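Under the authors' numbering, the first residue of the sequence shown is numbered 340, with each subsequent residue one higher.
Working notes for the structure below.
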Amino acid sequence: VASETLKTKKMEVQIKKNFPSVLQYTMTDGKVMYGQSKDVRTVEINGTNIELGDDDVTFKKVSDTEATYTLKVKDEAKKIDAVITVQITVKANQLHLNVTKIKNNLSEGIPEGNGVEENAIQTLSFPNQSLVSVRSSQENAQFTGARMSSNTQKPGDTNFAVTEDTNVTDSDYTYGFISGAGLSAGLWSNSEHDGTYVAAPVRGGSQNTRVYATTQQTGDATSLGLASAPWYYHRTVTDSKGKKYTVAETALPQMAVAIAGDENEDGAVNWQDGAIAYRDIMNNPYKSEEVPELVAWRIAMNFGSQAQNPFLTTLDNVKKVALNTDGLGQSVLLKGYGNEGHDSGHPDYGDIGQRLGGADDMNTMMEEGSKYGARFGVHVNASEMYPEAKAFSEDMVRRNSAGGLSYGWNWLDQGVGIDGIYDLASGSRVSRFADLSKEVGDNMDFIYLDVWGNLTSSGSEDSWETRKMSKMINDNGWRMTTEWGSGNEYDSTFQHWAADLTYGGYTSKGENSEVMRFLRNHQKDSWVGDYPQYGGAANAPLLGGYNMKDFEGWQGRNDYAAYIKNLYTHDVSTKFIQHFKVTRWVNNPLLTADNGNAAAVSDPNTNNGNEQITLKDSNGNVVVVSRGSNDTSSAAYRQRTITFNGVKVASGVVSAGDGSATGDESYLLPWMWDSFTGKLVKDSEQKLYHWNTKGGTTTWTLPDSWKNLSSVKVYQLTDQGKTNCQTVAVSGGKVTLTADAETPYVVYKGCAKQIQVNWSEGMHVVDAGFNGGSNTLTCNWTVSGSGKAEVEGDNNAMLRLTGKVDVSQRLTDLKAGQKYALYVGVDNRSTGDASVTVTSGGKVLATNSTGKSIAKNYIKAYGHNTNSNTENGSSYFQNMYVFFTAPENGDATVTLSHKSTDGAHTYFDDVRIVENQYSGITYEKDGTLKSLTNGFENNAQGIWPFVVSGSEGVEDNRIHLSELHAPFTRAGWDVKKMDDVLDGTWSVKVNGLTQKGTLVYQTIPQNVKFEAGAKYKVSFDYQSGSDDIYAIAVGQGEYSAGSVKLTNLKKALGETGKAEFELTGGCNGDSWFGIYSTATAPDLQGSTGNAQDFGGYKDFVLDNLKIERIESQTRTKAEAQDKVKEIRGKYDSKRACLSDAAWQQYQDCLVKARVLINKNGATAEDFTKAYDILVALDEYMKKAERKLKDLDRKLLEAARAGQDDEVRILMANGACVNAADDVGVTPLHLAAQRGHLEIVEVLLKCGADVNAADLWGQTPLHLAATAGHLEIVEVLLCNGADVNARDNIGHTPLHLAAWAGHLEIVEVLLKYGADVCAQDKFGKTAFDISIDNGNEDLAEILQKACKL
Ligand SMILES: [Mn+2]
Ligand SMILES: [Mn+2]
Ligand SMILES: [Mn+2]
Ligand SMILES: [Mn+2]
């Protein structure tokens, strides 16, 4: 065959002129690797194999390093007529084969707007091209392949000898390496082909197989050759509506080989040698070079309009983590960066959350954060959308084969599936990422793509789609990261289900492959880390593996100390290991003959035949990681030694990644790199991180550059940075370190300066989050008063106040004349007021207060929810607001204060000053509320003046600010029957919180204070899905069932309703109103499936809140005094059956009214207030009385029935023991006559009046004696029953027991002391009763009382 030679300094490649084929590679040393030794001239186009003849190919040697081929590819019958241009180039030990041009003689190209290109060239390949091959006739001929596996128990690798029996045909792999006759090679291709995988729960580029292995007979030997899998060129796709499109290539077809000798110099030639060479030709994920610097990964979360984490708070948190890690690199994923938060506004990528501070604050956070080595990225979704999103349209909607919506998940709103193919082919998604690019410029590091590969956008989401998705992202300068462990093998640098080891179990983690991890460990956080309960790959991997925790609200995670502890336990050593590239990996226990890995490398002269990995950097530094034993039953299987240039830098067992068992690992890791591009730092900046799991004393050999030092400087790392400095002597290049358990230390050669941190930049105050330690109360905040101010809490630090104290700070950078809202988180445990005040000079611009906090925090993503223990195992943190105009003098000051001298605490956190246009609060002259209006158009955050209640416990609450996007958010679009927005752009929305039987949301006194005794007109616009499913709740103090006044609301589905009521302020100033979920089932109107959710039959929308104080009729002192008499005359006699707290509330109220009435110099205003407070007290006591009368009537009913359980349930729920009806019959009377001994004894123990009588003068003893209940009569006399008690006739329980003729009951009561002299109105004794009836048996016991 006629050939030509391409030359480099490393090899000579003999190539055929009749086809782009290699005959052989001859290296400088004379070693040879074969190409395609046979006459194979096949080209596949659209699945049709065409064999080329001599006249179908033209050749041209361009230079000594390049040749060009022109391929005439025609099949008239199969509609193929193409001209393919192939380039072969050589450099060093690499050969590249590129398709540089594709000409189609059967088309004019792709029609405008990605229209269908008829006879388009969709696929292209060179079947059995064998660019590199090995033969069974060669010394140590072998194949090594890798396929995708997310399963910890199933490796993705194959390792086998190439023999005469080896028979393969287009066997597809992610990676493929052939070795033989002292040379090795891997084949790289940019093919987007999807094929064979070991294990993956999703698509989304998990199945990308780019190499094809095929055997052929090469004379008397079997030859195994490598070819590229097919490439896509102009691919024709169909969307959910049946519309077809043709989309151009992501890139032109490209492939390469890199010929290796014994690269790691270990005396053998295998895939590892090929893998070292392969790194020079392989694709590298965009920005994969920064991956080793990303030590601190975490999520900063925002959800449901709450603004739990505004961008400038996230920046303070970056500075806290920077101090605690001594400036290690960070990667913060902003989950809910856009619109109203997480799983809101998808897919509006360019809509940055206005309530977080918008694009302005996001850019400030990214720009400033980068100075601390912190990278930022956003969570996006390209599979699900909500009606509120501006991108929402009929074209975007994914539809099923029947024409209906492809529904997603319902939570805040109903998610609808995005038509993935439409989104790509129309240029829609690329334009939405462009919207984001305009907002962030070049400040943002990465994109985090959620759910991609789970088939929500289409049944495909293949490697071709994922390749195009990753390109749109990389094109904007963004690093690619995604959700699923197996997803996007080609371009992703991080998988959430790989780095967060807790999710999905052992079958759904990161990439379980020795080949993939050997090649790319340093480029991704997509592997298997320690999580021993999964076993296999997850049991102490030598390379570690990212273990991700959070503290900023993601899944309620708000534990900072655990976050930091975990960074040092797993992530510091994982990241240190990623600064080196794998060069050798022997004795892998996961690979056996049974799982298809008989030829896997097994050296008994390395680490006793146990697992070992060697890694190297471009500076010749060597890292060696060794496993103690390859037996999982041995204690040494989890033992790992790490050496750096032959010196031990880490030893022992890590604390289990699943949090199940603490370890003993200690390390002294040299951190030689900067937190930016990872370049080597200078000598004065070189440092060592020290960690000791169990704590104690360890001795280490310092690195070579430290061997002549006399001493080192050791600093303990905290949330304040470098503390407790120690000078440690160096003897013979060694150091002894004493360490507390699980405590980070940093070692320097000399004195090291503290990292400079200016807290709360752009926040208008210094240290708004109280992160500056105790010192913050000295030069940032000024403290005054007899009381005390402390920075308290070992997690999220807060300001704690006790006694009479004020904490002040000057406000900076305010725009003169502009409107601002200032809010602060407040938890008040004191009865004394806690306040927030803005002053200019001395003048008060705005002020607000809270008494004892009455509402617990149920916001899961928030830093101080009721699961975080602010004090006493609870948290009452709620945002307290002030609205003011920035003064013209530019002098403004905030003051946080506690007024009373009591010892109870008040907590404050997160002082937020934000530009805000809300102006719906009007006051009276005395500073009390005149009116409050809200259309929710200018809310700084949350559902203010309401606060979320406990209907779902601590949750990502299904309550938020709904957004207008007509016609989609309106009633009538699809199966939707309710409007999301009543008027304007925003309303308050509740999604499906039906049949809870509890409070959903409520006002609190710090948001809307209802003055004691004052009357208010409350009105709002609403939309409710069904009749009586939701109600208006009115209460005083902390919500409690039974104490609440409920008004059921009627159905207002698609048509806005009006709600109006009057509210009278409770005596303690703690009155409130809200929305309550009843027990009543919604009317789903015959809807099925998602239509029950989307319809709105179970939802509640509120808007246009209006609260107005109603003027009261003026009262005199006489009127108020008389009202005191009336109230006392009604309730003074009702102390017995009334709670000890209810009697206290009543007494406190009477005291309050008397103080107003009797003050020297009291006015009409005081007399009106005193009278009104008593009127409010009356209605409160009366409502409580009807609820007690309800319980009493049910207790008298259960006394008759005889059920102890329902008698005890009612008594425990507050039932009156001595409760009598219209005829004066108590439950002790009823239980005694029926004879329920278990109830009689329960009632007597509870304090029931044993002497109690009805309108007939009958006591429970009279009733029990006539009925003849011996056991009941016994216990009554033992509890103090009146033995000689009489009725309206004069019958003692002796007379009645004789009338009924009870032989055993008469004798029992006589023994105790029942009178025999007793006579009724007729003057009849027991002598007359015994002689009247036909039985003389009674006359025998009476003649044994007195003998006649
Ligand atoms: Mn080797
Ligand atoms: Mn804080
Ligand atoms: Mn509105
Ligand atoms: Mn919404």
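Beta carbons: idealized from backbone N, C-alpha and C, even for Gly.
Rounded distance between the beta-carbons of residue j and residue i, thought under 8 Å
i, j, result
"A1570", "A1606", "Wrong, their Cβ atoms sit about 11 Å apart, outside the cutoff."
"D869", "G1035", "In fact, because the Cβ distance is near 22 Å, the residues do not count as touching under 8 Å."
"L954", "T922", "6 Å"
"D1172", "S1192", "No, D1172 and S1192 are not in contact; Cβ-Cβ is about 11 Å, not under 8 Å."
"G543", "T846", "Not a contact, Cβ separation roughly 17 Å."
"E891", "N648", "6 Å"
"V671", "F642", "The pair is not a contact, with the Cβ atoms about 16 Å apart (cut-off 8 Å)."
"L1388", "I1371", "7 Å"
"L1444", "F1359", "5 Å"
"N1206", "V1293", "5 Å"
Run of the beta strand (DSSP E) containing residue i, from where it starts to where it stops
i, result
"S770", "It is not in any beta strand (DSSP E) - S770 instead sits in the alpha helix (DSSP H) that spans 767-779."
"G1374", "1369-1375"
"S1123", "1121-1123"
"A1231", "1231-1237"
"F1223", "1217-1224"
"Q1572", "Not the beta strand (DSSP E): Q1572 falls in the alpha helix (DSSP H), residues 1566-1573."
"residue 1702", "For residue 1702 there is no data in the structure shown, the boundaries of the chain being 340 and 1687."
"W1283", "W1283 -> no beta strand (DSSP E), and no H or E assigned at all."
"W1638", "Where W1638 is concerned, there is no enclosing beta strand (DSSP E), although the alpha helix (DSSP H) it sits in stretches over 1632-1638."
Limits of the unbroken alpha helix (DSSP H) element including residue i
i, result
"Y617", "610-617"
"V1514", "1503-1540"
"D1479", "1479-1497"
"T1178", "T1178 -> not in any alpha helix (DSSP H); beta strand (DSSP E) instead, spanning 1173-1179."
"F482", "Not the alpha helix (DSSP H): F482 falls in the beta strand (DSSP E), residues 481-485."
Original post:
Which residue spans inside the segment 1379-1439 form an unbroken beta strand (DSSP E) run of at least 3?
Top reply: If we require 3 residues or more, the beta strand (DSSP E) runs fully inside the segment 1379-1439 come out as 1384-1387, 1396-1403, 1410-1416.
Subject >> Any 3 or more C-beta pairs closer than 8 Å across the segment 650-657 and the segment 707-719 >> reply: Yes, since at least three Cβ pairs between the segment 650-657 and the segment 707-719 fall closer than 8 Å, the two stretches touch.
**OP:** Check whether the segment 577-588 touches the segment 827-839, counting contact only when three or more Cβ pairs, one atom from each stretch, lie closer than 8 Å.
**Re:** No: fewer than three Cβ pairs fall under 8 Å.
**OP:** Pull every residue with its beta-carbon under 7 Å away from any heavy atom of ligand 2, and keep them in chain order.
**Re:** The set, ordered by position in the chain, is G1108, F1109, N1110, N1135, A1136, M1137, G1202, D1248, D1249.
**OP:** Mind listing which residues have their beta carbon within less than 7 Å of any non-hydrogen atom of ligand 3? Chain order is fine.
**Re:** A residue is listed when its beta-carbon falls short of 7 Å from at least one non-hydrogen atom of ligand 3; in chain order these are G1274, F1275, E1276, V1320, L1321, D1322, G1323, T1324, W1325, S1326, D1442, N1443.
Original post:
Does the count of Cβ pairs from the segment 1270-1281 and the segment 1325-1343 closer than 8 Å reach three?
Top reply: Enough Cβ pairs lie closer than 8 Å, so yes.
Original post:
Taking three-plus beta-carbon pairs below 8 Å as touching, is the segment 587-600 in contact with the segment 511-531?
Top reply: The segment 587-600 vs the segment 511-531: in contact.
Subject >> Three or more C-beta pairs below 8 Å linking the segment 548-559 and the segment 414-430 >> reply: Three or more Cβ pairs closer than 8 Å define a contact, and the segment 548-559 falls short of that threshold against the segment 414-430.
Original post:
When the Cβ atoms of the segment 1553-1568 are set against those of the segment 1580-1596, are three or more pairs found closer than 8 Å?
Top reply: Enough Cβ pairs lie closer than 8 Å, so yes.
Original post:
Hey, which unbroken runs of the beta strand (DSSP E) at 3 residues or more fall wholly within the segment 912-990?
Top reply: Whole beta strand (DSSP E) segments, 3+ residues: 920-925, 951-955, 961-966, 979-983.
Subject >> the segment 687-698 contacting the segment 759-778, beta-carbon criterion three pairs below 8 Å >> reply: The segment 687-698, when compared against the segment 759-778, does touch it at the 8 Å Cβ threshold.
**OP:** Starting from the N-terminal side, write out each stretch of the beta strand (DSSP E) that is 3 residues or longer and does not extend beyond the segment 355-405.
**Re:** Runs of the beta strand (DSSP E) inside the segment 355-405: 361-366, 371-373, 381-384, 387-390, 396-402.
**OP:** Spell out a yes or no on whether the segment 850-869 and the segment 895-904 are touching, meaning 3 or more CB-CB pairs, one atom from each, closer than 8 Å.
**Re:** The segment 850-869 makes no contact with the segment 895-904; the number of CB pairs closer than 8 Å stays below 3.
Original post:
Curious, which full-length alpha helix (DSSP H) runs of at least 4 residues does the segment 1015-1100 contain?
Top reply: The qualifying runs do not exist here; there are none.
Subject >> Three-pair Cβ contact test at 8 Å for the segment 526-537 versus the segment 902-914 >> reply: The segment 526-537 is not in contact with the segment 902-914.
Original post:
Is the segment 1243-1253 close to the segment 1421-1440, with three or more CB pairs under 8 Å?
Top reply: Using a Cβ-Cβ distance cut-off of 8 Å, the segment 1243-1253 and the segment 1421-1440 are not in contact, since fewer than three pairs of beta carbons, one from each stretch, lie closer than that value.
**OP:** Examine the Cβ distances between the segment 966-982 and the segment 991-1010 and report whether three or more of them are shorter than 8 Å.
**Re:** Flag = yes, the segment 966-982 and the segment 991-1010 touch.
Subject >> Completely contained alpha helix (DSSP H) runs for the segment 1661-1685, where each covers 4 or more residues >> reply: You should have 1665-1671, 1676-1681.
Original post:
Does the count of Cβ pairs from the segment 835-846 and the segment 793-808 closer than 8 Å reach three?
Top reply: Short answer: they don't touch.
Subject >> the segment 1140-1158 in contact with the segment 1293-1313 per 3-pair CB rule at 8 Å >> reply: Too few Cβ pairs lie closer than 8 Å, so no.
Subject >> 3 or more residues per run - each beta strand (DSSP E) lying fully within the segment 426-457 >> reply: With a minimum length of 3 residues, the continuous beta strand (DSSP E) runs that stay inside the segment 426-457 are 433-443.
**OP:** Specify whether the segment 380-395 and the segment 454-465 touch according to this definition: at least 3 beta carbon pairs, one from each stretch, less than 8 Å apart.
**Re:** The segment 380-395 is in contact with the segment 454-465.
Subject >> Secondary structure, alpha helix (DSSP H): runs of 4+ residues fully inside the segment 1543-1620 >> reply: Here the runs fully enclosed are 1543-1551, 1566-1573, 1576-1584, 1599-1606, 1609-1616.
**OP:** Determine contact between the segment 808-825 and the segment 776-793, defined as no fewer than three beta-carbon pairs at a distance below 8 Å.
**Re:** The segment 808-825 is in contact with the segment 776-793.
Subject >> Those runs of the alpha helix (DSSP H) which lie wholly inside the segment 720-772 and span at least 4 residues >> reply: Those alpha helix (DSSP H) runs which fall completely within the segment 720-772 and span 4+ residues are 759-764.
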